[PDB]
Each structure stands twice: as structure tokens, then as C-alpha cells.
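Novice: Attaching a single structure in C-alpha cells format; questions to follow.
Cβ placement follows ideal geometry from the backbone for every residue including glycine, while neighbour counts extend to all protein chains displayed. Each value in this text was obtained by applying a stated rule to the coordinates, not by laboratory testing.
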Amino acid sequence: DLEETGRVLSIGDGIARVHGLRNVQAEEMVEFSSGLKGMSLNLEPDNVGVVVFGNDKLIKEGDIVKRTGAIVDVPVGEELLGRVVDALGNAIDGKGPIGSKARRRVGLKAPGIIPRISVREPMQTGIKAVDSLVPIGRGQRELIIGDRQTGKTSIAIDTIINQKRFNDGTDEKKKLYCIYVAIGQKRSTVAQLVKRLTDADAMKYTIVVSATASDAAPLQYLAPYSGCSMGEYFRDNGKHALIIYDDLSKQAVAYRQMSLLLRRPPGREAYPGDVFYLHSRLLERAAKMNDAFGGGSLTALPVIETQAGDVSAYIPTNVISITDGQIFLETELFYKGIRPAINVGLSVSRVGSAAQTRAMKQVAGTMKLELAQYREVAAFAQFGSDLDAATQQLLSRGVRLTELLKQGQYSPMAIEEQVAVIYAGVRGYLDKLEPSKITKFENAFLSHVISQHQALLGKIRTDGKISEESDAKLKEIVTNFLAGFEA
Amino acid sequence: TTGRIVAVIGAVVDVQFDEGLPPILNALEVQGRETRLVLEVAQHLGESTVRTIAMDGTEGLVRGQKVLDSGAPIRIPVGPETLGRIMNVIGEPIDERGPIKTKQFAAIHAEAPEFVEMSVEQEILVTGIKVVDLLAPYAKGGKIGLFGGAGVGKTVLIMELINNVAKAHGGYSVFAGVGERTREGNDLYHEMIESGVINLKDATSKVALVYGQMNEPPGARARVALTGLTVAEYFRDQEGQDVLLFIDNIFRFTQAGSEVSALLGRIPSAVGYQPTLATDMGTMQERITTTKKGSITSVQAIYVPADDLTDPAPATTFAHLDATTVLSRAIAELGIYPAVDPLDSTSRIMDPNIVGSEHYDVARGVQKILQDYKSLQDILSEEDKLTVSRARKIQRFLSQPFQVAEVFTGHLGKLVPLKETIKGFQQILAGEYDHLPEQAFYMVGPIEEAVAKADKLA
Amino acid sequence: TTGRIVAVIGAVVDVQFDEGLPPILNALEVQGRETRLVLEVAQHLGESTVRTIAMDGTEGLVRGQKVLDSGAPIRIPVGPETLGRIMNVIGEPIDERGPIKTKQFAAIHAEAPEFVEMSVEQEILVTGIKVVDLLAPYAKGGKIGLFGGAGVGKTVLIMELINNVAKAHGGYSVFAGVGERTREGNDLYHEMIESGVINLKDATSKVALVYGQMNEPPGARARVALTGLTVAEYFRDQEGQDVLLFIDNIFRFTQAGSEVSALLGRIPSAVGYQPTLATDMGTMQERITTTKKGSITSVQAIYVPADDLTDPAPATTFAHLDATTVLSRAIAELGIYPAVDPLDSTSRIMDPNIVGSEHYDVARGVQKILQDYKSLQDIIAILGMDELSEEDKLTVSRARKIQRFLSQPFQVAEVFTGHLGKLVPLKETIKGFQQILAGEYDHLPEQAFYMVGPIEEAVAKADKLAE
Ligand SMILES: Nc1ncnc2c1ncn2[C@@H]1O[C@H](COP(=O)(O)OP(=O)(O)NP(=O)(O)O)[C@@H](O)[C@H]1O
Ligand SMILES: Nc1ncnc2c1ncn2[C@@H]1O[C@H](COP(=O)(O)OP(=O)(O)NP(=O)(O)O)[C@@H](O)[C@H]1O
Ligand SMILES: [Mg+2]
Ligand SMILES: [Mg+2]
């Protein structure tokens, strides 16, 4: 039966060439005699090129390969929350079977033009620089991009940790379920990651999909799509999900391996012609649904690793163009003390203000301009001791605002707390303070306003802005506090 | 005749035919599927087998699956019924509104007009937008590079262009979203409905939409510009119109061509581009031109890879451009709308022979004064102080309220005839309004409205 | 079952079998050889033919020569009796001390420990090297990588680590010499006999040695890392106790793979590498790990071809590490040894919650002053130092002193420096940099800070440089 079965002609480097299987479909999952699965990526006149989901030591020439009516799907639902799974939704945390009642195909088409409505609901990271200057809304795709060790994962982890307050709340609408897809990472890194989320009490609303460095290439290739389908269950049921793809550079490497070994034509950087199509199919599935379709959303935060800051390499170029905006991280910023190391000048969100609350909108506009004006002049901050008061004031203000965009890890901020800090800088109250003392100021200032002035913070969120009365109370707290702090 | 699939490798499908082989570029229809899968013939491999590029995903295809030769390249609905509709590369409605009920269909691969059909007429296409018409005017049958994108009012400028050309020339527009982000395709459609350039309740729509979205295979994104072109060609070649064609964006056209070339196993050229980079560009671009029946004029959003103007992609594209519209965040942050950079935006037809002698001099004068203004920004005498006040009022007069922005801004939009634009800027250069204030020139139409705004500020 | 060689091209040997085909990874034994020649099955080509990689030279092989399937992958001696011995890729003794008298053996190919087997414990491992301890500290049981171009200091650093950490280690150590200098293997061997770490007459040896150096063909170089780590895996899982694993140089594993890639019939990826670079690396690296059963503190020297850290080999290695020490020719060329780039070295445990806020603050302060100076250097090379404010030129002078206080004479580098080796306690490292940052030595000459141990020696040097 060479219609529903076949025989291995050759096997090497995770590619089985199979004779027969005449009735196999493109991309169909088939099964080897050993129990290993494989995907039929190359249908040729005289063979099927099958990519191996495992160790090829278990596949030999002449081995039988069968069609099984297999569907490449994954478990989906609320039972995955708190669980660590592999690329196929198998529990790898040792806590037993997923209690899944529903499943979904990993390879599905994105919603088209009509079922969508414009992105308008804030997706709050709790990271001042992002929420103020690179705002993200629900349904958006926002790239996190930079060299190794520039703080990319940390942005994602703080974002996930930030959702606890909405998720512990009663406003069923602000709630955001999270999915962290690890691709190509080492297992101990992923364990540190999950420990961090567990200690933060973030695991209970997070799914971790993990296809690590020793997992076969096709498993790493599938992981994003598997994660995506899990996200789509929430999106299509009137709920909101956030997915992180950490990282798509590693997924593209896995796909390149398979492509080259299937002898598909190599292009720039040896990537195949369909490598853009690989990521665009994935990233288009993040969407904001109109009310007619339940009004759910899937927000994606893909991660891309650049090499020596080259944002114009092949895979970076692809994902930059695909996404709605980018958060650019830089090594010189990181070591200068700008952490998170966001280049605000280059970073962009095409969704913009539409993803921002009134409270944030009333302070972010000013900060954006004052920093933009500062950027034109910043070059001679250590060389402009003589120039006139106007350009001196631009530098003084801009250096101060830059310090206010610095943030520690693992403590994402409520919006009212963010705007209270940005308020102090933009209204000039910190213009006389030594720049190197600002981070220390903010830590203590924020702790003071949270501890004692919870009525003021509540009012900022109650009103949805800083009113005249809130402005008055803030002026007295800040100015008196600053005097004591710089003693 | 009916062929059979013999190979499926990603978005490349080989089909064997027993009788007559379909010529290269023919559309083939895969049988036994949910939605329409079109394959475009790319190569005759030998032994009665053709290589094809898929227009949609190839998952689920089986060797031996039946394929029908349609007898022609991809053919799409053309005519008035396309206006206000959204179709894909293969001419299907994707706006969920039913059939596009045209009385004619047309092949998306058409040869560029012959040498004998060329119109030697170097004519300006009046947009009614002050910055554009005076300083960097559009030429009928020309190509315009549109620079910028986010927060610089690109979509509003596009919709106002659509509005103005229809209102003043009776010419329709076609928008081709090449590598369209689905979210942004949705946004654009709804913004067009709100501005009124698309009407869902009657036959008064001014644009036909053609979307080739980012999640579609290389073949689809490479051909969707030709689909847009073909819709535009109907209005020129059948209805004698001066047509506007928008391509957003031309780099993703080139990118999709490169992907297609790679998939077909063609050896990449310098910087990884397709060896056919220039010919892929030329066969598309040359269809945009003025002929004896009418013209297609094209505004093309250009992305510049690595900010390298010498990169093969923009370098090849620039060969075809007659003008640039540079949208600047610096101009936007000054509150000037449209945010067109009046110094960076250029036009080949800014020539005393082509435009007026009056046109050329006033433009050259406005260019010089705005340059001199930036030179005198570093440092005045009575001659210099006179030119600084004049150039600032000229900066404001380049701003303009758009009809498309009427529902949002609340202010009435203005379409300014060419001669009214020229005289207005001319009179400031002659200093007939040195007696009048500065902010009286901000957001007006003809210069008479600036005089009317000055009276209101008394 | 028996096969016959049908093709020989360099290290790549094709063997045809009439009956039972050997599975991929199986070790095959070539018949009629003076010394044991192993072929490892890499591919099934079809037509009853396998493609193999040789573990030694293929000179003298003939088409038709008999090959036996061993029925398993390469299996090597493991256990206590490997200690004090030197083994090659296939587990043969190369120290001329007779058989490895073990009765326990292990295949060099094995599955990586699962996710459930991971340990999240991370505590500092003090090295007594100022730059490392201050800025990018190592973790006990963590994965440490030492990156560098040719000749910048990877081996000197690993030898110093062996000196400061391994010589007083209470458990077992494994050193794997992978594609490096045979001379360095001989140096190390005799140094360890002198230090008593290896004992030739009793059973007290604490180090197992495994070597396959750059005189070997690529097959040996491709597999010798697995041999060395298989030895370490035994000590981790079967003895349980804390294991130190040193590898010099793990790049040579990936390079060996690139040497044979074309002959294995693969289209190249970028920069001439095998398409399988990342998955090959992953399957190997994921075994080099602490688990719930036992701890491995792994220190891997990682070569950087053409000094380009974006080269696919080192680029792909970063993600496998908990601490990275990146060396630089631009720093070494100034006489700053160890040539660690303070602005390109990182550690998971560089966290205020782990190392304490004082350690963290001084380290971040040091990195800021150095990055600030680096960003100014080129501007003042043209416009002149005189253009700077007293604030900027104060941070220039301070940064240049900090750069110098980061240098250190190593005990293993005395033949290069002319200076006695110094080991600096963590407390003193922190204190010294804190003081320089605070401006407490603004009055002292730059050079007093160069090539010393603790801060007191800089003070002492300042007096000596006077008269
Ligand atoms: N806001 C922050 N403040 C201080 N330290 C930070 C911050 N964000 C990240 N870090 C530290 O910077 C280091 C790198 O951050 P990480 O989030 O791992 O970046 P990455 O680019 O994802 N690294 P990798 O994936 O390993 O290339 C870690 O040690 C973090 O603890
Ligand atoms: N800490 C040090 N102090 C003084 N000199 C050093 C030091 N490290 C390296 N050198 C000098 O530089 C040479 C090369 O150092 P070494 O550690 O052998 O380089 P490597 O990075 O291992 N190069 P390779 O093995 O060729 O990839 C040494 O032999 C010394 O002469
Ligand atoms: Mg990371
Ligand atoms: Mg060395």
C-alpha cells in the first residue's frame, strides 16, 4: 500500500526521504515505525521529504511510514493556565495531564479585514517609557528588538507581571491572559523564567510553551503557531490574550535548517524565499475583534535578536515591516545607565495615542516633545556651557526626563503612579535637582505617595486625569519632599 | 485541459499536462477545495510539466490533484462596480459585500502602451493642494515617491488627493495595498468611509481598493500591484480618464518579487535582490503613463532599506519617479498641515518650459526665501527683516484645510485652483501683505481667506 | 553484521552493508588496521549504504575493506578510574599508563536532562579576579563562557580559574581538550602532577583528562567534547558530588562539523557553516548542566573567528550561558590583562537581590563611567581634552584609573607579565572600585592602578613611582 504508506529511502540530518505515500497532503503529519512523527514538507514526483520530530537514530532506511489521519492541533483552554508545555501542548512540568476539553489547529488563517475594529484598548506594560512613548493597545503587534543581553525578555516579563492587578480585579474586560513562547532557549533559562513568574504570582494566568535548544528543529518551528492557537481561543471567546514569541530569530534559524536540508533554494543569509511569509502568517493572527465577533483580542510581542545592532539584517527587516511598531534596545544605552535601554527616538508605535488612557495622554504628549527638542541639542550637553538660556533649558529639562524613564525590574507601575512621576518632571519641579539623584528620588518619592497619599493616587485614577486640586496637592508633596531629599 | 499536481514545495507547485500546456503567466484553478486556489504558470520545465507560483496557501494539496487551465492569465472585474469595493489579487471581493458585478473582466498581465501611443504632452495634474502644485507639482502619467508614514498625515493626504482629483478632473482612483497589514487595511477602509471617498449606500465611491495582505504568499503580494494597475487601466483606456493609482508600498512589491525569484531557484543578484529587479520594476511602471486616451498617474509610498538611497531597490525605483512628496515629522511638529517638506519635495516638471514662467519664478522665489530664512535663523538689516517676516507667512500659507478632515477638525476644507495658489505666494514675495499679521495665513485656502482671517483678528 | 567501504573522501567514509544496516550514531570498527579506527554513522544514503565520520586518519583505507558494526555508539570508560588518566575521543588511554581498569562504560551520545530536572539555585562563585567578581560574577553550578579571538587570553584565564577554584575543589574535575594545542595539554598534565591534583602512584587524583587536539582529523574534534562531558555526566549522576567541567575550546566542536559539512552533502548556511549548527550545539550544550541529581560548574573557552562575535558559532553560544566573560583584542593590545571587555560581559546573578545592592551599585557605576568615557574618547581625540568641563575631565581621569584597576597579574601569567600573581577577595574588589568612583584617589597617578592586586598596592605604587 504505497498510497497510505511508504518506505524510508534515506535519512539524515532530520530529513527522511520517503518512497510512496502517494495520497499524503502537503504539510501532513505522518508516523514512522519507531513512533516518531514527521511533517511532509516536500512533495516531489519520486519522494516525500519528511522533517523529523525527534532523534533520527530511531529512523533507518526501509522503515515503514504511515498516514494516520493526523491533525496538527494542540490543546486549548483555561486548563493550560499555570502549565509549562512543549511545542505540542504536552505537559513538561511533571504536574500530570492537561485537563483540556478543546483543541485547535496550529496552522490557521488570520481573521481578515472585516471582522476587526481599530485597536483602542490599552495594553499596559507598567513600564513608563513604553506606556508613555511607545503605547501598546490590545490586538497590536509590537516588536521587542535589540542585541543579546539588552533586556528584551525583561520587557516581556514585566508586562506579564503587570497584568496581575487587572486579573485580581473584578473588571472582566481589563483582564489579560498571557502566553510565553520560548524558542531555542536552554531549559535552565526557561526554569529561571518560570520561577520568576511563580514568585510574582503570575503563573496562574500564564501559559508557557517551550521548545528548547535540544528539541528538534520542526518542534521549534511549530512552537509560535501552537502558542498562537492557544491565544486565539481567548481572542475568539470575547477575552484578551497576550503572546510573547521569545524569540523569532531562533524560530527562523530552525526553519532555515529544514529548508536548506530539504534543498530549497538559499537566499540572503541562506534564508528561504518564504521566510517573511513564515512570520507574517504568524503575526497577522494577532488581532482586535469587533463587537459582532465578541470583541476579544490577541496582542503579540515578538522578540528579535539583532547582531551588532544591525536592524537591517534579513529577519529583523521582515519583522520590523510586519509589526505595528518596535521597541529598540541598545547596549550603549544599557551601560550608560539607561535601563530599560529603550531608544525613544527610534522606537515607534503606529497605534499611538489610541492605546492610551486620558491620564497618560495628558502628560505623554508634552514629554514626547520636550525629549524630541532635547534630542536635537543633546550632542553638546557636555560642550554647551556658553550658549543661551533657551538651549540650556532644553538640556536641563531633557536630561531630567531621561532619568524619569529609567526603571528597575520586576516592579511594573500602575498608570496613576506613572503619570504622577512624569508630572513632576514635565511641570519642572525636578529642574534644579542633580540628574544622578533622580532615580533615588523617584524610588523614595513613589514609596511615599503610595504609602501615605493613596487618596491622591485614587483621585488621579478616579478622575482619569490630574485635576487642579490634584495638581495643587502634588506640587506641595513634590516641592517639600525634594527639599528634604537634597539636604 | 486538466492537469495533475506532481510536486508541492511550499508556495511552488508543479503541474503536468497530457495535451496542451498552459503558457507562462496563465492562471490555473486547483480543483477539489474550499476556497479558490490560483496558480500562476512561471516556467515550462520540460516533459509536459509547468512550474507555478501559488496565490494562496498550499497546505492540504495532494500529488495527482486536478488542476484546470483557465486559458488566460489572472482575470479580474473591471469597471465602475469596483469603486468602493475591496478585491484581492485574483479579483475576489474581500469586503463581504457580495459579487463585484462588472460587465467586463481583464487580464492582470498586459503589455505597456506601445511607442506610438505615447503622449509627448508634459502636463501638470492639479491636486488643489498648495505645497504640491506650486513647489513639487504632479505630472499627468508620472510617478510620485511618497516619503514618510506614521503620524505625518499620509492617509489623510491620500484621501484628499482622491477627493480633489475626482472633484476637479472627474478622475477616479485605485488604491493597491502591496503587503498590506490587515489591521491597517481595516483602518484605511473605515477612514475612507468616514471621509466619504467610499460610499456604501450609493454609486458615488471614488476609489477601488485592491489588497495583497502581508500573510499571503510571495506570488500574491508580487502580483497585486498588477491587479490594481488593471483596474486603473480600465478607467484610462475605456473611459478616457486621468486616473490616480496609489501603490503602498513599492518596496514590498520589490520584496515580493525577490521572494518569488528565490522560491523559483533563481540565483540572487547584488544585495540578495532578484536578478530581474529592473525588468520586474519596468514592466509594471511603464504601464503607468499618459496615452492618447488618458493617463494613469501614480503616488508610490517608498520605503528605503537601511536608509541607503543607493540600495538597489530604491535606486531602481527612483529611475521611474518624476516627483517626490516628502512628509516630515519636523513640519508636523510645527503644526503645518499637510506636513509636506517644501524644500525636500521636488518635481522634474518644475521647469519654465513645462509650467508657467510665473509658476517657475514664484516657486524658485518661495524656495529661495525659505532657504534664506533657515540661513538667517543662525544670526538683522531692513532688507533681511523684511524677508524673515515674509517667509514665515509663506510657511503658514503652505498649510491648508482638507475636505477629508472636515468631520474631525470641524473646519471647512479647501481645494485651491493653480492660479490662485501662484498669485497668493507671489503677492507675499512682492510684499502686498507685509501690513498684515502672521497667524492670519495659517490654515486658509486662497489668499482672500487670509485677508478675511486678518479682519477677524482685529 | 559486516560492511565494506565504498568511498573515502577525507574524514568521510561510505560503507555498504548487505544485511542489517547500522543505525545513525553507531560505532563501526574498520578491520585490518594497526590501531583501532572507529567510524560513526551519520546518514543512511539509501541503497544499503551509510555515510560515516572517521575518528582517526583515513590514510591507507581501501574500497572493499571490511567494517564491523559494534551494535552501539562510541562507548567509553567512566567512573573513579578515569581520574588522573588521559583518554582520547574513543576512550583509549593516551598517557602510556596501561588500561583504564574500569568495568563501567557509557555511550558518548545521550539525551539531555528534561525540564523537570532543572535546578534554579544560583550562588556566587568568587574567583578572586577583580573584573569577573565585580561586573559579571560566576555562579556555582552555572554555565560559564569565555569568549575571545585568537591570542586574547581565553586559555590563560581558564588556567587561572583552574588555579584559583579547581586546585582547592573538594569534588571532581574534568578537563576536555577540544581542538587545541597539544603543547598546552602537556603543560597542564605536568602542572597537575606537580600540584598533586593528579597523582601517579596513589588513588587521590581529582581530575579526569580527555584530549583530541588540533593534530586530529575533524571526526575526533567533533566528538571529543561529548567524550569529556560523558565522563562528567557520570560524576554528576552516579557519584552525585560537585563537578567542575573545563572545556578548551568548545568552538572546535562546531568547526569540526563545518569541516565535514559539504562532504556530508549539505548546502551551506551563512559564513560556510552547517545548516544544523544550532540544533547540533543544542543537543550537546543541554547535557552540560547542573540537575537535581548533581552540580556541574562548567567553564567553556569559546573561540571567536576573525574577532567577530556575530560569527554564527559564538553568536549561537551566548544563549547557552549564565555568565559570559568576553575578551577583546582592542583591550589586550593596550596591555590591559586580563583583556575582559567590561561593557560586554554579563551574568544572571548581577542582580541587586542576589549580590546585594552595594556590589550591584558599584558594578553599574563602573560600567556607566566606562561607557561614558568610551562615548567621549573619539570626540576629545579631535577637539581636545581642554574643551571638557572639570566634571567631564574628572570622569575621564577616573575612568582611566578604573580601566587600569580592572587589570590584574595572574599567577599563571607570571612568565608574561613579570609580576607576581595576585588574588583579590570580593570585599576588597568592591571597596577599591567604590573608592575610585568616590574620587578618593583623584590625586594619584593613573599608572599606580595598572597591574596590581588590591587597592593598597595602587597606593603603595604611587609612592614608589614618586621616588
Ligand atoms: N529595567 C532593568 N533594570 C536593571 N536591569 C535590567 C533591566 N532589564 C533587564 N535587566 C538585566 O539585564 C540583563 C539582560 O536582560 P534580559 O531580559 O535577559 O535581556 P535579553 O536581551 O532578553 N538577554 P538574552 O536573551 O540572554 O540575549 C539581565 O541580567 C537583567 O536582569
Ligand atoms: N592574563 C594575562 N596576563 C598577561 N598576558 C596574557 C594574559 N592572557 C593572555 N596573555 C598573553 O597573550 C597570549 C595568548 O593568551 P591565550 O590565553 O593563550 O589566548 P587564547 O585566547 O586562548 N587564543 P587561541 O587559543 O589561539 O584561540 C598569552 O600567551 C600571553 O602572552
Ligand atoms: Mg532573552
Ligand atoms: Mg587558547
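Novice: What FRET efficiency comes out for A:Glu269 versus C:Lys201 if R0 is 45 angstrom and r is the Cβ-Cβ distance? Round to the nearest 0.05.
Specialist: The calculated FRET efficiency here is 0.20.
Novice: Viscosity 0.692 mPa s, temperature 37 °C: Stokes-Einstein D of region C:33-82 from its Kirkwood Cα radius, in µm² per second?
Specialist: The diffusion coefficient I find is 250 µm²/s.
Novice: I want to check the label-to-label distance for B:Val388 and A:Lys440. Put each point 7 Å from Cα in the C-beta direction and report it in nm to one decimal.
Specialist: 4.5
Novice: Which order do C:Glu456, C:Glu180 fall in if you start with the one that has the fewest other Cβ atoms within 10 Å?
Specialist: Lowest count first: C:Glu456, C:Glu180.
Novice: What are the semi-axes of the equivalent ellipsoid of region B:308-449, taken as the square roots of 5 times the eigenvalues of the Cα gyration tensor, listed largest first and rounded to whole Å?
Specialist: Sorted largest first and rounded, they come to 26, 21, 17 Å.
Novice: Quick one: grab the alpha carbon gyration tensor of the protein assembly as shown, order the square roots of its eigenvalues as a ≥ b ≥ c, and give me rounded if a/c is under 1.5, else prolate or oblate depending on whether a/b is larger than b/c.
Specialist: oblate
Novice: Next up: Under a Cβ-Cβ cut-off of 12 Å, what is the net charge of the residues other than C:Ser205 that fall near it, where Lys and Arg count +1 and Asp and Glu count -1?
Specialist: My count for the surroundings of C:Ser205 gives +1.
Novice: For region A:1-122, take every pair of Cα atoms, bin their distances at 5 Å starting from 0, and report each bin as a whole percent.
Specialist: Each 5 Å bin holds this share of Cα pairs: 2, 10, 17, 16, 13, 13, 11, 9, 4, 3, 1, 0.
Novice: What is the ratio of the Cα radius of gyration of chain A to 2.2 N^0.38 Å, with N the residue count, to two decimals?
Specialist: The value comes to 1.10.
Novice: So, one more: Which whole number gives the average, over all residues in A:19-26, of C-beta atoms from other chains lying within 10 Å of the residue C-beta?
Specialist: For peptide A:19-26, the averaged partner shielding equals 4.
Novice: Within region A:382-487, report the GluC sites (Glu not before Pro) that DSSP leaves as loop and that have at most 16 other Cβ atoms within 10 Å.
Specialist: Those satisfying the criteria are A:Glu486.
Novice: Further, regarding this structure: Of C:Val12, C:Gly142, C:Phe115, which is farthest along the charge dipole of chain C in the positive direction, counting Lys and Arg as +1 and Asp and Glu as -1 at C-beta?
Specialist: It is C:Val12.
Novice: While we're on this one: Return the sequence-ordered ³J(HN,Hα) values of region B:170-184 in whole Hz as given by the Karplus equation 6.51 cos²θ - 1.76 cosθ + 1.60 applied to θ = phi - 60°, using x for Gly and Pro.
Specialist: Running phi through 6.51 cos²θ - 1.76 cosθ + 1.60 with θ = phi - 60° gives x, x, 8, 10, 10, 10, 9, x, 9, x, 6, 6, 4, 4, 6 Hz.
Novice: Classify region A:1-70 from the C-alpha gyration tensor, please: rounded if a/c falls under 1.5, else prolate or oblate depending on whether a/b exceeds b/c.
Specialist: rounded
Novice: Name the trypsin sites (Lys or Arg not before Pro) in region A:59-167 that are in a loop by DSSP and that have at most 15 other C-beta atoms within 10 Å, would you?
Specialist: For trypsin sites (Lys or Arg not before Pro) across region A:59-167 that sit outside H, G, I, E and B with at most 15 neighbouring Cβ atoms in 10 Å, the list reads A:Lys95, A:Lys101, A:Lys109, A:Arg120.
Novice: Dimensions of region A:276-429 along principal axes (Cα, Å, largest first)?
Specialist: Principal extents (Cα only, largest first): 58, 38, 28 Å.
Novice: What average count of beta carbons from other chains do you get within 10 Å of the Cβ of residues in B:5-13?
Specialist: That works out to 6 on average.
Novice: Tell me, what HN-Hα J-couplings in whole Hz come from the Karplus equation 6.51 cos²θ - 1.76 cosθ + 1.60 at θ = phi - 60° for each residue of region C:294-311, using x for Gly and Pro?
Specialist: With coefficients 6.51, -1.76 and 1.60, one gets x, 9, 10, 8, 9, 10, 10, 6, 10, 5, 10, x, 6, 6, 9, 5, 8, 3 Hz.
Novice: What distance in nm separates the two pseudo spin-label positions at B:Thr283 and B:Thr346, each 7 Å out from Cα along the beta-carbon direction?
Specialist: With each label point 7 Å from Cα toward Cβ, the separation is 3.1 nm.
Novice: Sticking with this structure for a sec: Out of all DSSP beta bridges with both ends in region C:74-349, state the antiparallel percent to the nearest 5.
Specialist: DSSP beta bridges in region C:74-349 are roughly 25 percent antiparallel.
Novice: List the relative contact order of chain C as a percent without decimals, with contacts defined as Cα pairs under 8 Å and 6+ residues apart.
Specialist: Taking the mean separation of contacting Cα pairs over the length of chain C, I get 16 percent.
Novice: Taking the Cα centre of chain C as origin, sum charge times position over the Cβ atoms of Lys and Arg (+1) and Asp and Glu (-1), and report the length of that vector in debye to the nearest 20.
Specialist: 920
Novice: Count the net charge of all other residues whose Cβ sits under 10 Å from the Cβ of A:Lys152, scoring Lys and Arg as +1 and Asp and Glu as -1.
Specialist: For residues surrounding A:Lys152, the net value is -3.
Novice: Here is a follow-up. Return the loop-located trypsin sites (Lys or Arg not before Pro) in region C:142-231 (DSSP other than H, G, I, E, B) with at most 12 other Cβ atoms within 10 Å of their own Cβ; answer none if there are none.
Specialist: Counting only loop positions with at most 12 other Cβ atoms within 10 Å, the trypsin sites (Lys or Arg not before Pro) in region C:142-231 are C:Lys201.
Novice: Test of understanding: ordering C:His169, B:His435, C:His190 by Cβ neighbours within 10 Å, fewest first, what list do you get?
Specialist: With the fewest neighbours first, C:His169, B:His435, C:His190 line up as B:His435, C:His190, C:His169.
Novice: Given H placed 1.01 Å from N in the peptide plane, which residues other than close sequence neighbours of B:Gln43 have an amide H under 5 Å from its amide H?
Specialist: Here B:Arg51 satisfy the definition.
Novice: Let me ask you something else. Could you sort the peptides B:295-306, A:275-286 by per-residue average Cβ neighbour count (10 Å cutoff), highest mean leading?
Specialist: Averaged packing, sorted descending, gives the order A:275-286, B:295-306.
Novice: Further question on the same structure: Over region B:1-132, calculate the relative contact order: mean separation of alpha carbon pairs under 8 Å at least 6 apart, over the residue count, as a percent.
Specialist: Over region B:1-132, the number comes to 22 percent.
Novice: Can you figure out the FRET efficiency of C:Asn186 with A:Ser34, using R₀ = 35 Å and their beta-carbon distance, to the nearest 0.05?
Specialist: Once rounded, the FRET efficiency stands at 0.15.
Novice: Mind giving me the nanometre distance, one decimal, between the label points for B:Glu111 and C:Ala150, set 7 Å out from Cα along Cα→Cβ?
Specialist: 6.0
Novice: Right, next: Per-residue mean of other chain beta-carbon atoms within 10 angstrom of the beta-carbon, peptide A:102-111?
Specialist: Counting Cβ atoms of other protein chains within 10 Å of each residue's Cβ and averaging gives 2.
Novice: Right, here's the next one. Grab the other residues whose beta carbon is less than 12 angstrom from that of B:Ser375, score K and R as +1, D and E as -1, and report the net.
Specialist: Its environment carries a net charge of -1.
Novice: At a Förster distance of 60 Å, what's the computed FRET efficiency of A:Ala70 paired with C:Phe416, Cβ-Cβ distance as r, to 0.05?
Specialist: Rounded to the nearest 0.05, the efficiency is 0.45.
Novice: Now for a different question. Rounded to the nearest 20 debye, what is the charge dipole size of region B:1-73 about its Cα centre when +1 sits on each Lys and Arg Cβ and -1 on each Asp and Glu Cβ?
Specialist: Once rounded to the nearest 20, the dipole reads 100 debye.
Novice: Using modelled backbone amide H atoms (1.01 Å from N, in-plane), which distant-in-sequence or interchain residues come within less than 5 Å of B:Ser269's amide H?
Specialist: B:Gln274
Novice: How large is log10 I(q)/I(0) at q = 0.06, 0.08, 0.13 Å⁻¹ when the Debye formula is applied to the Cα atoms of chain B, each weighted equally and without solvent?
Specialist: Cα-only, vacuum Debye calculation for chain B: -0.30, -0.51, -1.16.
Novice: Is the shape of region B:1-73 best called rounded, prolate or oblate, per the rule: a/c under 1.5 gives rounded, else a/b larger than b/c gives prolate, else oblate, with a ≥ b ≥ c the square roots of the Cα gyration tensor eigenvalues?
Specialist: Taking the square roots of the gyration eigenvalues as a ≥ b ≥ c, region B:1-73 is rounded.
Novice: Quick check on the protein assembly as shown: of the DSSP beta bridges with both residues there, what percent are antiparallel, nearest 5%?
Specialist: Just about 55 percent of them are antiparallel.
Novice: Residue by residue through region A:279-291, what is 3J(HN,Hα) from phi via Karplus (6.51 cos²θ - 1.76 cosθ + 1.60, θ = phi - 60°)? Round to whole Hz and write x for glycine and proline.
Specialist: 7, 5, 4, 5, 7, 6, 6, 6, 7, 10, 8, 5, 4
Novice: Got the relative contact order for region A:1-70 handy, in percent, Cα pairs under 8 Å and 6 or more residues apart?
Specialist: Across region A:1-70, relative contact order equals 39 percent.
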